[PDB]
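Engineer: Take a look at the following structure, please.
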Amino acid sequence: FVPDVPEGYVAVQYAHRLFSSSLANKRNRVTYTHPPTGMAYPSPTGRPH
Amino acid sequence: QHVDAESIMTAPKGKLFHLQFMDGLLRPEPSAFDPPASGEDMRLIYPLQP
Amino acid sequence: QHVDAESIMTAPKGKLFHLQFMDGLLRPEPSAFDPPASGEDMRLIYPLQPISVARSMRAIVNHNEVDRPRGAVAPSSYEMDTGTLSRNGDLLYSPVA
């Protein structure tokens, strides 16, 4: 049972670069970097998907 | 010590249990160059007083 | 060990004594709120060459929030090039064009 990808998503190609390590708040965290918008998100929460 | 997220839903109405809150202003910050550690911190019961 | 500021003025001309220099780039920095300590650091004998010819690269760690951590050197573009050997001569690089 292949669960089809939901209605509205941004398909990003995995790179060995888009994941960077930078300081957020009071500690060091692994951070995502959104390719089309160039953002931060230093915690595993809203990314967006 | 810490209250359980089940004893705070099915306990007698009369009981008075105390919680424990954190300040965090004189917390020691991270270093300059360092490999980031994993895992995250959570909070479940906030006051509304203040 | 360290040379004395008197043995480096009244010693035989022939002698070859070695010094010792500091890098300081991966030095641990101070805290946030803290009572400042007293005393200062001094230096008396500097080179004029400049020193450090055996280089290649330095500081193999990535910075807290910025990209390149100041004086960081990347490997030379030649330490990574195998060129085929000629029939008579024996070693040469790539075309480049």
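Engineer: Across every pair of different alpha-carbon atoms, what Kirkwood hydrodynamic radius in Å does chain B reach? Walk me through the numbers before you get to the answer.
Structural biologist: Details: mean 1/r = 0.0670 Å⁻¹.
So the Kirkwood estimate lands at 14.9 Å.
Engineer: With a Förster radius of 35 Å, plug the Cβ-Cβ distance of A:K26 and C:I60 into 1/(1 + (r/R0)^6) and report the FRET value to the nearest 0.05. Before the final figure, lay out the partial values.
Structural biologist: Values: r = 26 Å, r/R0 = 0.74.
Working from the Cβ atoms, E equals 0.85.
Engineer: Over all residues in B:5-18, what is the mean tally of Cβ atoms on other chains that come within 10 Å of each residue's Cβ?
Structural biologist: Values: counts 0, 0, 0, 0, 0, 0, 0, 0, 0, 0, 0, 0, 0, 0.
Average neighbour count from other chains, rounded to a whole number: 0.
Engineer: Same structure, new question: So between C:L25 and C:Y93, what do we pick up on full extension, going 0.36 nm a residue minus the alpha carbon distance?
Structural biologist: Roughly 21.0 nm would be gained on extension.
Engineer: Also, I was wondering about something else. Pick out, in residue order, every one of the trypsin sites (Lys or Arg not before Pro) in chain A that is DSSP loop and has at most 14 other C-beta atoms within 10 Å; say none if there are none. It would help to have the intermediate numbers written out before the result.
Structural biologist: Details: sites: A:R17, A:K26, A:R27, A:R29; in loops: A:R17, A:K26.
In loop regions of chain A (DSSP not H, G, I, E or B), the sparsely surrounded trypsin sites (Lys or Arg not before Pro) are A:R17, A:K26.
Engineer: Here's a follow-up. Restricting to DSSP loop positions (anything but H, G, I, E, B) with no more than 10 other Cβ atoms inside 10 Å of their own Cβ, which trypsin sites (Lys or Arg not before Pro) remain in chain C?
Structural biologist: Those that pass, being in a loop and sparsely packed, are C:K13, C:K15, C:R43, C:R55, C:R70, C:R87.
Engineer: Cα atoms only, chain C: Rg and Dmax in Å?
Structural biologist: Just the Cα atoms of chain C yield Rg and Dmax of 22.5, 71 Å.
Engineer: Counting pairs of alpha carbon atoms under 8 Å apart in space and at least six apart in sequence, what relative contact order in percent does chain C give?
Structural biologist: On the way: 38 pairs, mean separation 13.8, N = 97.
This gives 14 percent for chain C.
Engineer: As an exercise, identify the chymotrypsin sites (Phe, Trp or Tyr not before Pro) in chain B lying in DSSP coil whose Cβ has no more than 10 other Cβ atoms within 10 Å. All intermediate terms of the calculation are to be shown ahead of the outcome.
Structural biologist: On the way: sites: B:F17, B:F21, B:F33; in loops: B:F17, B:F21, B:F33.
Loop-located and lightly packed - B:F17, B:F21.
Engineer: For labels at C:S77 and C:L16 in the simple 7 Å Cα→Cβ model, what's the distance in nm?
Structural biologist: 3.6 nm
Every number in this text was worked out from the coordinates using simple rules, so none of it is lab data. FYI the Cβ positions are ideal-geometry reconstructions off the backbone, even for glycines, and counts take in every protein chain you see.
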